[PDB]
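**Q** sequence plus experimental coordinates follow:
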Amino acid sequence: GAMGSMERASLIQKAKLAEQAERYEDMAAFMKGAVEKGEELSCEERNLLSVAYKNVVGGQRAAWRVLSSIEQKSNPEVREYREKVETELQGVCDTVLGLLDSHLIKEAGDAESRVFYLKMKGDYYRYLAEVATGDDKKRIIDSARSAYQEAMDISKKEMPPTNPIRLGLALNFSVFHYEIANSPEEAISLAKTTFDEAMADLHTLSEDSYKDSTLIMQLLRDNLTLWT
Amino acid sequence: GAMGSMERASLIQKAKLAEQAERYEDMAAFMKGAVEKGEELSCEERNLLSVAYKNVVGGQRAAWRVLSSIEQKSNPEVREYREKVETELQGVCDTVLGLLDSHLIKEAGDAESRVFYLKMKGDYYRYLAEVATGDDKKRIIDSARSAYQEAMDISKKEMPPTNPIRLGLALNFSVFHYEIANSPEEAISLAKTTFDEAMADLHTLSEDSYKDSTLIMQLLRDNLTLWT
Amino acid sequence: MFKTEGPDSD
Amino acid sequence: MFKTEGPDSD
Ligand SMILES: CC(C)Oc1ccc(Cl)c2cc(C(=N)N)sc12
Ligand SMILES: CC(C)Oc1ccc(Cl)c2cc(C(=N)N)sc12
Ligand SMILES: CC(C)Oc1ccc(Cl)c2cc(C(=N)N)sc12
Ligand SMILES: CC(C)Oc1ccc(Cl)c2cc(C(=N)N)sc12
Ligand SMILES: [Cl-]
Ligand SMILES: [Cl-]
């Protein structure tokens, strides 16, 4: 595509520059180009890919929510413009899912990369579910659930309970349960068991790993506090 | 262009929605489409146009400064990406100047609209000057100065010293003097005389006009405090 | 919005 | 950056 003539290394360097400049659309396009070089991504590169698209879709989600709220209060311009933002959001989700399925997930053998990508697949189907209506909604929801579940199965077998990727997966799957699947009890059970099992493993960590794990545990606690 | 099939009124409504959603690129494209309908803009519409493009170019300026700083520390990827952002910024400035010259300024007869557009012309040449080098820089700087000066001449003859448009023009022209024209004494003199003459006219205002004028006077004071 | 992983960009 | 008119978007 449009980044095909740029060296992989230059795309990575430019992604990091874009992050510093808070140019997340550029950052995402550089990382998409890097993925399309066909080589597996390092841990740092996976994180650059995720941070880039999370910022892009995050802006779209916030905008979509504002417009959806106005539309509901109003109940063609509001509907048309909400639809425009919605289609752009769906396009970004489609692009990310496309990268994961061509061919990041199938080449990811290590737990840390496979869980990372499967969590992303769950996340971007979840973002689609937030704007979906009706039956498409049902199939989208089941695709999110399926990706999260496979990620959870691998994570529980291959990573310690304090692993930040595992923790972040469990955090997001619990919000999926609460907000998307209308399963608040499942969400609470997951967040509680995840928090408790991580707490019991903190004694094994260095000070820096301790800080990484406790940061995500605090997000689990923040949600439990709002939920119970 | 791309907004040619949308009603003027719908473009304005969608610009306001975009503002609420913090979608400033969309907001700018809607207002560009509204301008290209060929009708003069109301006061509210002028402000929507200005707010939209100010937010867009503001993001580019901040990004350009980050990358320029990294580049200077480094002294091809950093230079290439700084150039990419720089060209996009120049493109936005070119688009705004194009709207002003085809045909907003020539159809603006009232002081409040003519001063508003001429101030914008000064502002967007100033943004070009921030990234310009060499002789192009000199001609760009003189185009900013010329637009600000014509705006100032009209404003002093046709608006009271507390008029927010007049105040905001003087604020920006003083920063032009300080930062762009390397004329700090002119910048300080302008900011001081503007502040003092507005203060002497505050007694004529209603409580709401008082609040509008004192807000911009405070920006003049903030700059004087950094400059003296 | 409940807390999820990574940048709180919305 | 010194104060200028309108949104402080940079
Ligand atoms: C593997 C190490 C060296 O790289 C990372 C690990 C974990 C995270 Cl969360 C992360 C976020 C990053 C970013 N926003 N540039 S790099 C990075
Ligand atoms: C019923 C579900 C599975 O359908 C969708 C709706 C909207 C979008 Cl954007 C999308 C993207 C998809 C992908 N790239 N695998 S599936 C899908
Ligand atoms: C003429 C009146 C009704 O409209 C305005 C006057 C002055 C300002 Cl600064 C302004 C900013 C606006 C915005 N950001 N939507 S509308 C608006
Ligand atoms: C030497 C100066 C006058 O030249 C420029 C440099 C860069 C740009 Cl983007 C630009 C846009 C312009 C316009 N639309 N009137 S003049 C100009
Ligand atoms: Cl639209
Ligand atoms: Cl580039």
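**A** Looks like it came in fine. Residues are numbered from 1 along each chain as shown, chains lettered A, B, ... in the order given. Ligands and ions are numbered 1, 2, ... in the order given.

**Q** the residue nearest to the spatial centre of chain C and residue A:54, how far apart?
**A** The centre of chain C sits closest to residue C:8, judged by CA atoms, centre = their mean, with a distance of 3.6 Å. Per CB to CB, to the nearest Å, residue C:8 is found 9 Å from residue A:54. In short, each C-beta sits where N, CA and C put it, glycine included.

**Q** OK, contacts around the residue nearest to the centre of chain C?
**A** residue A:58 (CB atoms under 8 Å, 6 or more residues apart in numbering or on different chains).

**Q** where does it land in three-state SS?
**A** Here residue C:8 is recorded as coil under DSSP: H, G, I helix; E, B strand; the rest coil.

**Q** again, but for residue A:2
**A** Applying three-state DSSP: residue A:2 is coil.

**Q** what count of nearby residues applies to it?
**A** Counted with other CB atoms under 10 Å in any protein chain shown, residues neighbouring residue A:2 total 9.

**Q** all helices of chain A, in order?
**A** A:8-20, A:24-35, A:43-74, A:77-99, A:105-107, A:111-131, A:134-158, A:164-175, A:184-199, A:207-227 (DSSP state H).

**Q** returning to what we had before: gap between the residue nearest to the centre of chain C and residue A:2?
**A** Residue C:8 is 29 Å from residue A:2, by CB to CB.

**Q** again with residue A:175
**A** 34 Å.

**Q** in chain C, which residue sits closest to ligand 3?
**A** Residue of chain C nearest ligand 3, by CB to the nearest ligand atom: residue C:10 (22.1 Å).

**Q** verify the stated contact: that residue with residue A:55.
**A** No. Taking contacts as CB atoms under 8 Å, residue C:10 lies outside contact range of residue A:55: 9.3 Å.

**Q** between the two, which has more neighbouring residues?
**A** Between residue C:10 and residue A:55, counted using other CB under 10 Å, the more crowded position is residue A:55 (21 against 17).

**Q** next, count neighbours for the closest residue to that one other than its chain neighbours.
**A** With CB to CB, 6 or more residues apart in numbering or on different chains as the criterion, residue A:55 has its nearest non-adjacent residue at 3.7 Å, and that residue is residue A:24. Residues lying near residue A:24 (other CB under 10 Å) number 21.

**Q** roughly how far apart are residue A:164 and ligand 6?
**A** Going from residue A:164 to ligand 6 by CB to the ion, to the nearest Å gives 32 Å.

**Q** what is the burial count for residue 4?
**A** With no chain named, the answer covers chain A. What residue A:4 shows, counting by other CB under 10 Å, is a neighbour count of 8.

**Q** if you could check chain C rather than the one you did, that'd help
**A** Look at residue C:4: counted by other CB under 10 Å, it has 21 neighbours.

**Q** so it sits against residue A:172, correct?
**A** Yes. Counting by CB under 8 Å, residue A:172 is a contact partner of residue C:4 at 5.0 Å.

**Q** residues shared between the contacts of these two?
**A** Common neighbours of residue C:4 and residue A:172 (CB under 8 Å, 6+ apart) are residue A:123.

**Q** just say which of the helices of chain A is most tucked in.
**A** helix A:164-175 (a mean of 25; mean count of other CB atoms under 10 Å in any protein chain shown).

**Q** do that helix and ligand 1 meet at all?
**A** No. Residues of helix A:164-175 are not located near ligand 1 by CB under 6 Å from any ligand atom, the shortest gap being 7.3 Å.

**Q** do stretch A:113-129 as well
**A** No. Stretch A:113-129 lies out of reach of ligand 1 by CB under 6 Å from any ligand atom, never closer than 10.0 Å.

**Q** now that stretch - C-alpha only, CSV.
**A** C-alpha atoms of stretch A:113-129 as CSV (Å, rounded to 0.1, in the frame of the first residue of the first chain):
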residue,chain,number,x,y,z
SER,A,113,2.3,-12.4,21.1
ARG,A,114,-0.6,-14.7,20.5
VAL,A,115,-2.5,-13.5,23.6
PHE,A,116,-1.7,-9.9,22.7
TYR,A,117,-3.2,-10.2,19.2
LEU,A,118,-6.2,-12.2,20.3
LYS,A,119,-7.0,-9.6,23.0
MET,A,120,-6.8,-7.0,20.2
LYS,A,121,-9.2,-9.0,18.1
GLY,A,122,-11.6,-9.1,21.1
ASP,A,123,-11.2,-5.4,21.6
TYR,A,124,-11.9,-4.3,18.1
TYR,A,125,-14.9,-6.6,17.8
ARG,A,126,-16.1,-5.1,21.1
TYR,A,127,-15.7,-1.6,19.5
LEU,A,128,-17.8,-2.8,16.6
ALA,A,129,-20.4,-4.2,19.1
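
**Q** now residue C:3: how far from residue B:156?
**A** Taken as CB to CB, the span from residue C:3 to residue B:156 is 55 Å.

**Q** and the gap between residue A:69 and ligand 5?
**A** For residue A:69, the distance to ligand 5 equals 17 Å [CB to the ion].

**Q** how about residue A:61?
**A** The gap separating residue A:61 from ligand 5 is 18 Å, by CB to the ion.

**Q** could you do residue A:75 as well?
**A** Distance from residue A:75 to ligand 5, by CB to the ion: 18 Å.

**Q** ok, residue A:58 next?
**A** Relative to ligand 5, and taking CB to the ion, residue A:58 is found at 21 Å.

**Q** cool, residue A:70 as well?
**A** 13 Å.

**Q** for that residue, what are its contacts?
**A** Residues counted as contacts of residue A:70 (CB under 8 Å, 6+ apart) are A:78, A:82, B:17, B:20.

**Q** give me the number of residues near whichever residue of chain C sits closest to ligand 4?
**A** Of all residues in chain C, residue C:9 sits closest to ligand 4, at 30.6 Å by CB to the nearest ligand atom. Residue C:9 has 16 neighbours, counted by other CB under 10 Å.
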